[PDB]
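Presented below is the structure to which this report refers.
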Amino acid sequence: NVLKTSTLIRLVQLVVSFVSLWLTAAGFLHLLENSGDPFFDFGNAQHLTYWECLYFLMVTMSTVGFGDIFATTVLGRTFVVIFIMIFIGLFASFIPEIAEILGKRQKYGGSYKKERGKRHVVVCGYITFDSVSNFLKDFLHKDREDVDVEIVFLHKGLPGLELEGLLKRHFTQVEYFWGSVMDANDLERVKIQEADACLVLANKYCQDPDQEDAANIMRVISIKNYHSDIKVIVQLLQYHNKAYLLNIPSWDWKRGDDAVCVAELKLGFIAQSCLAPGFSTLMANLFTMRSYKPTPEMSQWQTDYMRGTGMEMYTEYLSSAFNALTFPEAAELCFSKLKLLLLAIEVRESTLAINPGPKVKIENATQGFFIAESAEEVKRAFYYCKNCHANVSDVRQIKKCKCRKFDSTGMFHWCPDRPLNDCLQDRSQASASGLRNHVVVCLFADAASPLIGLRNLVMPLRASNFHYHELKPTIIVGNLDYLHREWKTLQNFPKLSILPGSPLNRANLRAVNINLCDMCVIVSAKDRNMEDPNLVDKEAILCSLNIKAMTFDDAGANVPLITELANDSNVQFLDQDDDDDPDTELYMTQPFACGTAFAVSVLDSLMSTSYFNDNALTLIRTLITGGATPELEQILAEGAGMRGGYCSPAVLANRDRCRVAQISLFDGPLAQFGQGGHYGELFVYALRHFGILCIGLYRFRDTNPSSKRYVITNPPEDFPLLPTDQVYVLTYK
Amino acid sequence: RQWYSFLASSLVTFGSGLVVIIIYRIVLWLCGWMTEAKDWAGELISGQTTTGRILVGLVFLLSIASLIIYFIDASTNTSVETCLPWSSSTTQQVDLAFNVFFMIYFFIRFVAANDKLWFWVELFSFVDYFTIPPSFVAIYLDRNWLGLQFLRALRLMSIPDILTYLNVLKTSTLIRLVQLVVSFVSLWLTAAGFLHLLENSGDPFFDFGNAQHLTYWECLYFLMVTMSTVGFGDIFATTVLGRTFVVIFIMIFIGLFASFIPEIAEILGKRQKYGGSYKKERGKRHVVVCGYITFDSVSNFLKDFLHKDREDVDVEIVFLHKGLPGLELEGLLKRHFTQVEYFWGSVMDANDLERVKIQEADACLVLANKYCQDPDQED
Ligand SMILES: [Ca+2]
Ligand SMILES: [K+]
Ligand SMILES: [K+]
Ligand SMILES: [K+]
Ligand SMILES: [K+]
Ligand SMILES: [Mg+2]
Ligand SMILES: [Mg+2]
């Protein structure tokens, strides 16, 4: 029982039958030619050796036929005619099938060899040239602090030719193995016992995100089953699927395990944009590594914008020179001397504090969160050594030492359950209601289309740090049968309403007072390849262009809008007066620079930030969710829905959360800076007088025409202000 | 006479290094700067540093130059072994410089390798053992044997890697194209060199008496003529090692030729026929036409648009569509050559809208497939 495998059985049958038939045919021809024709008295004979017959038959089998040797007896020639009819077919079918069998061996077998002190990360799930090139371009980016971490890809496929090229260019630090995290032998080959983390990537563009999330959950279950203590970072497409992996016995967020839920994050960024009109661009640029690289054809606004895109958020230890400063002194000092924007600190168990007030001191070895162009910038805060050594005034020189009811956690406003018919409205009821400064959600859904989790949109808008009178009313325009199955998650939020019908009807839009809203959100639940990539956003594009064309004579292209794109290259249709170019990537396009467009592709590089500094991912999640703690995620995972009621003063104390607001230089106390002041003067003044921490500007593109504004992240200290600018601020009140 | 003076060097060099690996493995099995060097060497040969890109280009040039020196020796030489003092010949002088470079590059490679045992068995390690040590034996004696030197042709199989390390092959069909051509050519050139060694040396068990003085170029031709299964038999092998090599060659290379020729024809058959751009005459009007373009819709459109009963106007029709036109439509586009033009492209692409100069058209006409199954999808 030595041939066990059907291809090896088939291989030995092919080779042995082919060889024995060739050897026996050669022997028969040798008998005929050396004996000669019997009816010619054996006189007609030709003294070939067996080896000449064996060669001659291979030369005719293959149809080469040199004719250096050939048969001459008449039985020899008739045997050659019979041999040609039989053996050409055998050779022509043998040679292909042996090539198929020997072509079947795996190219990327073998096992990872762990060097004496290099760290490594195992990466799996959706591995392709696109996902790998986008992953490595951020993970290995020059602006990161230099670390020897190897990336070990594990996947079932053979890599495509363009991916084999990419794996070769990174040869010294990227490795690839054929296998699956579903197999305990493959988990051993990549030494996942000894990895820092496993990263599990998702196919964001699949047809069925519940099926993709099921596959990824089974991979985490496999990795944890193999060894519980492995840090797993996973990408999830649906928020309801997070509950399943929160319930695995060995999933532990306190140890590093994490779920980058792209539906939660997507709707969180666009929800915070309804409150600060450009935040999703401000903020989504901080979480991808990019380096500012001018080109002389760029307009002023494009150079200002692109300088801002070179920023990222970094974690670093503050030097001992900061000890016993308040966070306001430490922030003035970082900004004015070090040219770094400090925005938060890890207070010692330990807790993140964003823009803490004068009550909070810098303790020894406080870790701070900075916005800066590169990790080489933030080191300056670790090396800053006061009067001892770091005395001099050009920053490049710092380099050496001192030689009503709420939810049960009080984080959100809350409402007892209701039937959807309490919040459903017809156009007359909606028009009778004086909706103004509200949020409009234009949802596009079929009744059967997947749940998008609008709770992640609405919940940030009901953050408990707002007073009830200043909560923006929200109205969803969309399919009712869809909203019935969405509603079970929404029914606990106050000031919500539904106008059932298509958002493309220009009546629903007028009834909703679309011209008076603070933000219109255009969102779709439709199948991500209902057809080819030109049709994929046609409803969202038509809805944008429809609203942009209406007339609200008691206008039209000045209704504020943010659209979520299923396919990034469709951003070109989303705006006119634009100068589109398909080779520009999304973040450089005018609709994204204006905060009018969003797409899930800008969230890809969150995976690597969860690996490099998990706390930075909790910082952004506390901002974008409006304060969703792991206790609330735990409570939601009990399946009871969001429990709430009246709250004690001790939990209600958390209503003083820091938030990102936006303020105008046109009037009030800061207006003095609008008349030709500089951003550094404004920054220091506002931090000192108000504890406001300014993080960027929102400026008109047309400095003279259109209402389009673009976002500048963290301007230089000497940057000139305009009286029409708006300032992004972290604030407590 | 001294062919073995060289086969020795080549083979013996390989064995002593292999033994030193086996005893090192066994000593360490019975009983940091290394990794910094291994990573630096890996980054260097992968073309990641600027000095890496330089070295990798030098490998591209000097692998080809080393092959050209072998063609010069294979062409202009008579006997397989040959007496000529090393101090006399400029070709063998410059060949020492290349053999030194490939010796340095071999050690670079070794430093970079993960498992030294497997490295000592890589194909390019054998190319180096059979090429360089004999090129030094040819200094110690003033004679040379053109033995396994044909293996220099295998160094061409590094070219698809160099053109990956240098990021110049970007497209998967162009990557596939260069892999096909370079592997096919180097396997043909190296096989021709091996047959030339066998026929010109003759059978060793017949005291080398059975020998046939083919040139390298006759072997190269003869192998193409048998690869393709033509087999003229104007040239053929006669030694018994020549004939056994031809039998092995027939079993391997008929499959390579029969799969290479189709796949090159698929790749070169892939270029777009109706690329290019519309050229706007000094005062002719034009109309861009797109959407459902087919022989039926175009013939019915042109029969009315260009009808003799209309007032005569010089308007050109510029069709823009994603397909290649069908044969009957190419006929119709040719009959109207002076006033109808066709471009491969889509109105969904801003570069294609520029090619048809739609800025300067009178109109764009967008035609519909009236007979589709789903008119909401067509609209
Ligand atoms: Ca940067
Ligand atoms: K033939
Ligand atoms: K033939
Ligand atoms: K023939
Ligand atoms: K012949
Ligand atoms: Mg390694
Ligand atoms: Mg013309």
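We name chains A, B, ... following the order of the structure tokens; residues begin at 1 in each chain, and ligands are numbered from 1 as shown.
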
Note to self: Should the cut-off be 7 Å, what would the residue list for chain A against chain B look like, counting only C-alpha atoms, as a PyMOL selection string?
What the structure shows: chain A and resi 55+58+63-68+95+161-162+165+169+171-172

With C-alpha atoms retained, write the just-selected residues as a short mmCIF file (atom, residue, chain, number, x, y, z; two decimals), in the first residue's frame.
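The new file out25.cif reads:
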```cif
data_model
loop_
_atom_site.label_atom_id
_atom_site.label_comp_id
_atom_site.auth_asym_id
_atom_site.auth_seq_id
_atom_site.Cartn_x
_atom_site.Cartn_y
_atom_site.Cartn_z
CA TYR A 55 16.03 5.94 -30.34
CA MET A 58 11.27 7.94 -29.83
CA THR A 63 6.85 13.07 -34.98
CA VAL A 64 10.36 14.52 -35.40
CA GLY A 65 11.49 11.87 -37.92
CA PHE A 66 15.12 12.77 -38.67
CA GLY A 67 15.48 9.73 -40.99
CA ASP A 68 19.14 9.21 -40.01
CA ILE A 95 3.61 14.51 -22.35
CA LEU A 161 2.50 37.54 -10.82
CA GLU A 162 2.22 41.21 -9.80
CA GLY A 165 6.91 40.96 -7.82
CA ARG A 169 10.88 43.80 -3.83
CA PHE A 171 12.26 40.20 0.19
CA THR A 172 14.22 40.98 3.38
#
```

Next item on the list: Per DSSP on the backbone, filter region 188-330 of chain A down to the residues in alpha helix (DSSP H) and report them as a ChimeraX atom specification.
Entry: /A:188-189,209-226,242-246,262-272,279-284,300-309,327-330

Margin query: Hey, which residues sit close to ligand 6? Say within 8 Å, counting only C-alpha atoms and all ligand atoms, and write them as number ranges by chain.
Written below: A: 113-115, 118, 150, 172-175; B: 39, 114

Next item on the list: Excluding residue 651 (chain A) and residues on its chain fewer than 4 positions from it, collect all residues at most 7 Å away from it, counting only C-alpha atoms, and give them as an MDAnalysis selection string.
Entry: chainID A and resid 409:410 647

Can you list, as a PDB file with C-alpha atoms, in the first residue's frame, every protein, DNA or RNA residue that comes within 10 Å of residue 121 (chain B) when you count only C-alpha atoms, leaving out same-chain residues fewer than 4 positions away?
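Heads up, here's the output in selection_26.pdb:
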```pdb
ATOM      1  CA  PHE B  14      31.430  22.347  -4.807  1.00  0.00           C
ATOM      2  CA  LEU B  18      29.257  21.192   1.018  1.00  0.00           C
ATOM      3  CA  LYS B 116      23.417  27.815   3.564  1.00  0.00           C
ATOM      4  CA  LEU B 117      22.931  24.134   2.633  1.00  0.00           C
ATOM      5  CA  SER B 125      25.439  28.226  -7.405  1.00  0.00           C
ATOM      6  CA  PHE B 126      26.051  25.362  -9.873  1.00  0.00           C
TER       7      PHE B 126
END
```

Next item on the list: Enumerate the residues of region 114-285 of chain A with a DSSP assignment of strand (DSSP E or B), computed from the backbone, and present them as a PyMOL selection string.
Entry: chain A and resi 119-125+149-155+174-178+197-201+231-236+258-261

Check: Using only C-alpha atoms, which residues sit within 12 Å of residue 682 (chain A) once same-chain residues fewer than 3 positions away are excluded, as an MDAnalysis selection string?
Finding: chainID A and resid 332 335:336 664:665 669:679 685:690 692:697 715:722 725:729

Notebook entry, point to check: Which polymer residues have any atom within 9 Å of an atom of residue 200 (chain A), counting only C-alpha atoms, with same-chain residues fewer than 3 positions away left out, as a ChimeraX atom specification?
Noted result: /A:122-126,216,219-220,232-235,607

N, CA and C atoms of the current selection, written as a JSON list (two decimals), in the first residue's frame:
```json
[["chain", "number", "residue", "atom", "x", "y", "z"],
["A", 122, "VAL", "N", 1.83, 37.96, 11.78],
["A", 122, "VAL", "CA", 1.22, 37.09, 10.79],
["A", 122, "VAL", "C", 0.04, 37.80, 10.19],
["A", 123, "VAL", "N", -0.13, 37.75, 8.88],
["A", 123, "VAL", "CA", -1.20, 38.45, 8.20],
["A", 123, "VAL", "C", -1.96, 37.50, 7.32],
["A", 124, "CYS", "N", -3.27, 37.54, 7.37],
["A", 124, "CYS", "CA", -4.12, 36.57, 6.68],
["A", 124, "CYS", "C", -5.49, 37.15, 6.38],
["A", 125, "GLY", "N", -6.38, 36.34, 5.82],
["A", 125, "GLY", "CA", -7.68, 36.81, 5.33],
["A", 125, "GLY", "C", -7.60, 37.17, 3.86],
["A", 126, "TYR", "N", -8.13, 38.32, 3.45],
["A", 126, "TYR", "CA", -8.14, 38.73, 2.06],
["A", 126, "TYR", "C", -6.78, 39.27, 1.58],
["A", 216, "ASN", "N", -14.21, 35.48, 8.73],
["A", 216, "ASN", "CA", -13.22, 36.08, 9.61],
["A", 216, "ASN", "C", -13.40, 35.69, 11.06],
["A", 219, "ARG", "N", -11.83, 32.48, 11.66],
["A", 219, "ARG", "CA", -10.40, 32.52, 11.69],
["A", 219, "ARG", "C", -9.88, 32.96, 13.02],
["A", 220, "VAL", "N", -10.59, 33.83, 13.70],
["A", 220, "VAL", "CA", -10.17, 34.24, 15.01],
["A", 220, "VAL", "C", -10.43, 33.11, 15.95],
["A", 232, "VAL", "N", -5.05, 39.23, 18.45],
["A", 232, "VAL", "CA", -5.69, 39.17, 17.14],
["A", 232, "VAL", "C", -6.30, 40.51, 16.84],
["A", 233, "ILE", "N", -5.98, 41.07, 15.69],
["A", 233, "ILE", "CA", -6.61, 42.27, 15.18],
["A", 233, "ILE", "C", -7.34, 41.88, 13.93],
["A", 234, "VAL", "N", -8.64, 42.09, 13.88],
["A", 234, "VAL", "CA", -9.50, 41.62, 12.80],
["A", 234, "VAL", "C", -10.28, 42.76, 12.21],
["A", 235, "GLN", "N", -10.52, 42.71, 10.92],
["A", 235, "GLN", "CA", -11.36, 43.68, 10.25],
["A", 235, "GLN", "C", -12.75, 43.10, 10.07],
["A", 607, "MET", "N", -5.90, 49.25, 10.42],
["A", 607, "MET", "CA", -5.34, 47.96, 10.83],
["A", 607, "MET", "C", -3.94, 48.09, 11.40]]
```

Margin query: At a cut-off of 10 Å, using only C-alpha atoms, what residues contact region 487-489 of chain A? Leave out same-chain residues fewer than 6 positions from it and give the result as a ChimeraX atom specification.
Written below: /A:417-420,453-456,480,641-642

Notebook entry, point to check: Got a sec to check which residues lie within 12 Å of ligand 7, using only C-alpha atoms and all ligand atoms, and send them as a PyMOL selection string?
Noted result: chain B and resi 277-287+314-318+336-342+356

For those residues, write C-alpha atoms to a file as an mmCIF file, in the first residue's frame.
```cif
data_model
loop_
_atom_site.group_PDB
_atom_site.id
_atom_site.type_symbol
_atom_site.label_atom_id
_atom_site.label_comp_id
_atom_site.auth_asym_id
_atom_site.auth_seq_id
_atom_site.Cartn_x
_atom_site.Cartn_y
_atom_site.Cartn_z
ATOM 1 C CA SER B 277 -7.044 59.919 -31.059
ATOM 2 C CA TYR B 278 -9.284 61.981 -33.314
ATOM 3 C CA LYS B 279 -7.549 64.679 -35.411
ATOM 4 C CA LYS B 280 -9.729 67.783 -35.841
ATOM 5 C CA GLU B 281 -9.585 69.332 -39.362
ATOM 6 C CA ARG B 282 -9.525 73.167 -39.788
ATOM 7 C CA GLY B 283 -13.328 73.618 -40.196
ATOM 8 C CA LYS B 284 -15.191 70.231 -40.296
ATOM 9 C CA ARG B 285 -17.922 69.698 -37.691
ATOM 10 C CA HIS B 286 -18.136 66.365 -35.866
ATOM 11 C CA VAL B 287 -20.563 64.401 -33.713
ATOM 12 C CA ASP B 314 -19.496 67.866 -43.902
ATOM 13 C CA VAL B 315 -20.166 66.391 -40.440
ATOM 14 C CA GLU B 316 -17.913 63.521 -39.330
ATOM 15 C CA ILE B 317 -19.286 60.780 -37.091
ATOM 16 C CA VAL B 318 -16.937 59.605 -34.354
ATOM 17 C CA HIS B 336 -17.490 55.227 -45.017
ATOM 18 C CA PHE B 337 -13.759 55.806 -44.303
ATOM 19 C CA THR B 338 -13.645 59.520 -45.213
ATOM 20 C CA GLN B 339 -16.446 60.599 -42.787
ATOM 21 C CA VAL B 340 -16.843 57.889 -40.116
ATOM 22 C CA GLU B 341 -14.203 57.079 -37.482
ATOM 23 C CA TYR B 342 -14.166 54.597 -34.580
ATOM 24 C CA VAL B 356 -12.535 62.233 -29.358
#
```

Item checked: Selected residue of minimal separation from residue 271 (chain B) among B:76, B:137, B:344, B:93, counting only C-alpha atoms ->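 Between B:76, B:137, B:344, B:93, the residue approaching residue 271 (chain B) most closely is B:344.
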
Check: Between CA of residue 152 (chain A) and CA of residue 176 (chain A), what is the spacing in Å?
Finding: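 It comes out at 5.7 Å.
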
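Nearest to residue 7 (chain B) of all the residues B:295, B:188, B:86, B:136 is B:136, based on only C-alpha atoms.
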
Notebook entry, point to check: Which one of A:346, A:656, A:373, A:164 sits closest to residue 361 (chain A) if you count only C-alpha atoms?
Noted result: A:346

Notebook entry, point to check: Of the candidates A:84, A:542, A:331, A:59, which shows the shortest atom-to-atom distance to ligand 5, using only C-alpha atoms and all ligand atoms?
Noted result: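 Looking at the shortest contact to ligand 5, the residue is A:59.
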
Margin query: Quick check, in Å to one decimal: how far apart do CA of residue 138 (chain A) and CA of residue 229 (chain A) lie?
Written below: 26.2 Å
